[PDB]
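Chain nomenclature is as follows: A, B, C, D, E, F, G, H, I, J, K, L and M, assigned in order of appearance, with residue numbering initiated at 1 for each chain independently.
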């Protein structure tokens, strides 16, 4: 699919927990783990809108009480072709 | 393509939200996404003065309450040729 | 041993202290260290779920008093295959 | 059709109301009606995560104040292969 | 005839009274009686929307004072095809 | 006859006591017993409308104090041909 | 896998949620679900002591807030040979 | 031996834990697990009177606080031949 | 099976009770029963970290009140290679 | 009533049913910090996702 | 008010949160006619000849004065050709 | 407001509880025009050329403001052809 | 409601201050159909099949009640034509 689900957390341990929760809670493929600097880490998944809704909700709950906590949890159901340039194609 | 619109946010999640809203709200090219460091992220668009004005306004509204927040949204109608050397030409 | 245990700390000194105590405490193989950015350092150890739990508990106690401190402590007994791409595969 | 949506209710009249709303709301197949015992009656639907997300949501409001009421309304976007053994296959 | 009229009651005696009132009051056919478990007993009638409306209203009034009483009196104007698999086709 | 008498009790001991009282105190015939669930045990009798009335009053008096006691007591002088299906023809 | 981990819930929806959380959290096998009666549903998993403890803890957290709730969580590291006669060998 | 020892519990998790303690404690054989209904689960063990007294005491002490709890723990040294007709011979 | 659990008792009776309870609780192999001298008896067992923690808890609870009593209950999730040269491997 | 002898014992009677459990102590209801357009409606009946997350 | 026929269910996962959980159906005046979406207040199986309300009246039939609905099914026709 | 000719009565037994008991009629702009349904505020026999109101005004025309109707008959045209 | 498709964006810099910052999109039922303009309360790319509310229901869907919107995009259909 093309929907995008992003969770931003203060640190990497909360981000890994969210990424684990997202991927195992619905059919979504993890596409990147970007260190934003200043302690923020953003895990991005792509999939269909229904699956992304389920995953991010599962991810937001899992990492809320982990480490420093959760910063953001956003779901863009369809992503403009322009944004696709900056979004990571596959994890590093 | 001679006007510059910029939205700066704390974290990558609001930056992606702003970029998506700006690109969908008007005919603008997402020239670059920059990790300023310390958690700041800046998304830049370039289009017509009317289009960039609509894009930036839409983006700030969308990302104002997403994650940590919006630092600033700025529109430069005429960009001096000197400044063009410190602006991304294509996204990365 | 496929369970994943992570300790996050502020500053590298607690991170190195946590890894020493975690590896010595139980049979967990150190798998990586990652500079999150902004002062967060994360160390990831794999191993059996029971041993990984014992290691993380030992590491958290030993690294809490050292430096700025402990941010997070985590265990994932079965990490989803999608998340294994973002985890370090071995210490370099 | 690999997303599971369950609605548990006290009595059978709420269960049939929930089942009717769940199947008239989206393209979800009613795979079960299990008399748990003690009054509880559960209705299980299968379909795409988007369709099941909408089905369960519509059903929950339909049966909230029918009979004794509603007990649970749960959606699982990606259900483990192990759990499929305890799930029913046909409503009869 | 596709409309469904269900009445749930605490005990068989209120249900049997409901079945008598429902079938006597209108031109509805009793399709099934179910022991939900824990005390609840549901009686189901299939008929035209008008007949089922009069039957369920007549039944809900008759059994209000009988035994433990009425749990639910619900009218479904039209039943989805999927739900037909979980409804008795003819009385037990 | 055609009149139907019902007494519902919590447990089996009051039901057997009720059924004994009904058949002893009027010209009724015990058509059957039903284990409704959750404790309720129903006893049904058929006879003339006058005899059944005296039989269900005697039964209620008899089981009112036996064990947990009586829940409901009923007579339906005429029973719709539809309800005849759900009434046990004879004690099985 | 010879250790046993049991989660008991009030209703079936919490039971299936516990079974999904338990199986996706650690390497365990869902060996059965039993309708205890009275609205209690037990889900059993067999695995190693380390895996089972991780699973049951994941199961308890997942089903705690789903449906009526969680009744009991139990781990038996060693199950006597006789006890296995009262345990399901494989899921239904 | 023929001495009968019974432990009744609210739920199955207490029953399995009790059965494990009984069989582990003394030379008794698990002969049955009865679902009495309403959330009562009974475990019956046969053995010599000395063995059964130890087995039952272990079972009561082990499941006293596990889950919903313990209802009854009884020991019958010699059951009348009539009662054997209602006691299970082997568990299933 | 590396984690080491040791229980020290005053006398041999509390030590044998600890060994039985330690071994019954979980999968731990009894490696040594050492007569330290002066009345101290030490029972060492070895197994996975999860099992050892369960085993030592059972032993410390079982032998606390038996005889003179319990002296020490200690777990080492991984012993240094040097220490194993002073650990019994088979009990004599 | 008086034809048959009867003894009524005072049993410990607790009903374990769905209706009886309608008022059981329940844990804190799940809340979502989600943003974006996800049909994030909290006025409706409690819908829970995997892990108990509201949705 | 208009008479329409339900054809299929319409699912929009990312709908605005103001819509609640009300299901949506694809109603058209006649087969082959333009397709519209109506909030379903009284449950309709596919093929039902439903009766739909429009304007501000729709918002009330959707269960709240503030509901964002332009078309809302309010009744099912007992007998319609 | 539209001039419509009543065609036949309409009964929807499972309509929402907010419609009250007000009868419903089928009114087409002329014989052959698309059929619509109007709430009958005044007694109207089939074949009468009647005056219909729409939009929010239709709600008050029949009952309170919260009445779910977008087309209500408000009178009978004494001489229309 | 209506099922429209996003074709191109619309930008008027002489807009009234009431419209705020909300984006504007050009939508039609199908290619070649009449072109209407809808306030986009979602993120809708060109080529997205969307569900559009209208009337007073639209004003509340986009921003506040007083917001001057006779058409709003209240969601994107998951799978359409």
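Methods note: contacts are C-beta pairs under 8 Å (C-beta built on N, C-alpha and C of every residue); 3 or more make two chains touch, one makes a residue touch a chain.
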| item | value |
| --- | --- |
| Chain pair, E-K or A-J, that carries the greater number of C-beta contacts | A-J |
| Farthest-lying chain, centroid of Cα atoms versus that of subunit E | I |
| Counterpart interface for D-K, drawn from B-M, E-K or E-L and sharing over half of its contact pairs | B-M |
| Distance from the mean Cα position of subunit I to that of subunit F, given in whole angstrom | 67 |
| For subunit G paired with subunit J, centre-to-centre distance based on mean C-alpha positions, whole Å | 20 |
| Rounded Å distance, subunit D centre to subunit J centre (Cα mean) | 16 |
| Residues of subunit F whose C-beta touches two or more other chains | 38 |
| Touching two or more other chains - residue numbers and ranges from subunit K | 11-16, 18-21, 42-45, 54-56, 58, 76, 78 |
| Residues of subunit J engaged with two or more neighbouring chains | 15-19, 21, 30, 35-39, 41, 44-45, 47-52, 55 |
| Touching residues on subunit B, where the partner in the complex is subunit J | 17, 65-67 |
| Subunit K to subunit M touching residues, read off their complex | 10-16, 18-19, 24, 26, 34-39, 54-56, 58-59, 66-71 |
| Complex interface listing, subunit D residues touching subunit J | 10-11, 38-40, 53, 56-57, 60-61, 64, 68-78 |
| Subunit K partner contacts - residues on subunit D that touch it in the complex | 20-21, 24-27, 50-51, 53-54, 57-58, 60-62 |
| Interfacial residue positions of subunit J with respect to subunit F in the complex | 1, 3-4, 6, 8, 13, 15, 17 |
